[PDB]
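In mature numbering (1 follows the signal peptide of the UniProt record, and there is no 0), the protein residues as written are -2 to -1, 1 to 239.
No residue lacks a Cβ here, since even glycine has one placed at the ideal position from N, Cα and C.
Contents: one structure, followed by commentary.
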Ligand SMILES: [Ca+2]
Ligand SMILES: [Cs+]
């Protein structure tokens, strides 16, 4: 509650089991920063039992021309991971891109602008038990070894989310016999608190406090902000998509 910088974490109030998730966005990048789009079983992090369930897309500000895919299963203190690296062109902070995650009982699939960059079948996928919510966050890590020196002269930084679409898993049903049917679309003309929640917390390793001030709708785009506390409001024009 006392750090000098603020960041963001947006999360769907409801979690689901299987589905397709798409977010049209332009990311923020700078040495030290981290932003991800990820499926997440809330409570996975609580040492008291329960498996860890998570699927990530993560962009490290020091190299916006690339991102990592990952599946984390197991349980805190014995989690299995599968970090892979992928290229993005143009760099995630120079243009809008459609990032997609697909999760069925048999495979997890990652896509950018509707093109596949990874598909995992079986294995860890089998241990993605229960539900997961859809999350997006923007922060800075203290581990310079992982994210790079924290380039403070670069703040304020802003990520822009134009829209999100969430589809249900309907094996065979859906266009061209695909496995998903559109459930809902959020074009972000407003922050819909009946659908989304904003984090208000932090952790050891996070140079920033995630606060509800760092997420807000502006000109038809959702904005996630990384800035000095009190400086969360964007000035200037929203990038066009
Ligand atoms: Ca929009
Ligand atoms: Cs600046």
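By the C-beta criterion, the region 191 to 201 is judged not to be in contact with the region 109 to 120, since fewer than 3 inter-stretch pairs fall below 8 Å. Excluding five sequence positions before and after residue 84, the CB atoms of its chain that fall closer than 8 Å to its own CB belong to 64, 65, 66, 67, 108, 110, 115, 116, given in chain order. Boundaries of the beta strand (DSSP E) around residue 162: 155 to 167. When C-alpha distances from residue 203 are compared across 14, 31, 159, the shortest belongs to 31. In the three-state reduction of the DSSP assignment, residue 122 falls in the helix class. If you look at residue 137, you'll find it in the beta strand (DSSP E) that goes 131 to 138. Annotation: the continuous beta strand (DSSP E) that includes residue 108 extends over 105 to 110. Scanning the region 174 to 209 for uninterrupted beta strand (DSSP E) segments of 3 residues or longer gives 178 to 184, 194 to 196, 206 to 208, listed from N- to C-terminal end. If you check the CB distance, residue 33 and residue 185 do not come in under 8 Å.
By the neighbour-count criterion, in which 16 or more other beta carbons inside 10 Å mark a residue as buried, residue 52 falls on the buried side. When C-alpha distances from residue 124 are compared across 191, 160, 158, 49, the shortest belongs to 49.
Between the alpha carbons of residue 188 and residue 16 lies a gap of roughly 27 Å. If you look at residue 6, you'll find it isn't in any alpha helix (DSSP H); it sits in the beta strand (DSSP E) that goes 3 to 10. In this structure, DSSP gives residue 212 a helical state, which the three-state scheme calls helix.
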